[PDB]
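Asks: Partial complex follows, first chain(s) only, in situ:
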Amino acid sequence: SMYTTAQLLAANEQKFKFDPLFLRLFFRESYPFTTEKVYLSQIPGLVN
């Protein structure tokens, strides 16, 4: 149908800057849990 010719030189996949700093520094460990709620506790610790 068409007698044109074309050659492809180079293609790029542009990408947006992204680096998980806050996970990598502070939230270091994972805790998978199979239950339905998670409890986090504290203790006062003030002794006269």
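Replies: Received it, and whenever you're ready, just let me know what you need. Residues are numbered from 1 along each chain as shown, chains lettered A, B, ... in the order given.

Asks: tell me the centre residue of chain A?
Replies: residue A:20 (5.6 Å; C-alpha atoms, centre = their mean).

Asks: how close does that residue get to residue A:30?
Replies: 13 Å (C-beta to C-beta, to the nearest Å). In short, each C-beta sits where N, CA and C put it, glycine included.

Asks: One more: residue A:43?
Replies: Residue A:43 is 25 Å from residue A:30, by C-beta to C-beta.

Asks: pull the CA atoms of stretch A:30-39 into PDB?
Replies: Below are the C-alpha coordinates for stretch A:30-39, written out as PDB (Å, rounded to 0.1, in the frame of the first residue of the first chain):
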ATOM      1  CA  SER A  30       7.200  -5.400  59.200                       C
ATOM      2  CA  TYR A  31       4.600  -7.200  61.400                       C
ATOM      3  CA  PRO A  32       2.100  -9.200  59.400                       C
ATOM      4  CA  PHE A  33      -0.900 -10.100  61.600                       C
ATOM      5  CA  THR A  34      -3.800 -12.400  60.900                       C
ATOM      6  CA  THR A  35      -6.100 -11.100  63.600                       C
ATOM      7  CA  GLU A  36      -8.700  -8.300  63.200                       C
ATOM      8  CA  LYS A  37      -7.200  -5.600  65.500                       C
ATOM      9  CA  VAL A  38      -3.800  -4.500  66.600                       C
ATOM     10  CA  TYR A  39      -3.100  -3.300  70.100                       C
END
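
Asks: The following sequence is to be added as chain B:
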Amino acid sequence: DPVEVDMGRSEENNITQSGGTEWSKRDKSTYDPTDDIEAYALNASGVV
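Replies: Putting chain B together with the chains above:
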């Protein structure tokens, strides 16, 4: 014959200073242009 060749450069890449922020109206002291050049380079697609 006049032929137009162009690539896709977003309008934010070609920056022209107008109004304030002229780099020649602010006083030559108490101002570091490092902030301006870092802000400009924030538009880049890779390390400069």
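
Asks: quick revisit: so what's the residue nearest to the centre of chain A up against?
Replies: By C-beta atoms under 8 Å, 6 or more residues apart in numbering or on different chains, the contact list for residue A:20 is empty.

Asks: count of residues packed around residue A:43?
Replies: By other C-beta atoms under 10 Å in any protein chain shown, the residues close to residue A:43 number 5.

Asks: Can you tell me how far it is from residue B:20?
Replies: 56 Å.

Asks: Next: residue B:33.
Replies: In terms of C-beta to C-beta, residue B:33 sits 14 Å off from residue B:20.

Asks: Of these two, give the one with the bigger neighbour count.
Replies: The neighbour comparison of residue B:33 against residue B:20 (other C-beta under 10 Å) goes to residue B:33, with 10 against 7.

Asks: Tell me which residues touch the residue nearest to the more buried one when sequence neighbours are not counted, please.
Replies: Nearest in space to residue B:33, with sequence neighbours left out and distances taken as C-beta to C-beta, 6 or more residues apart in numbering or on different chains, is residue B:23 at 6.5 Å. Shown in contact with residue B:23 (C-beta under 8 Å, 6+ apart): B:17, B:33, B:36.
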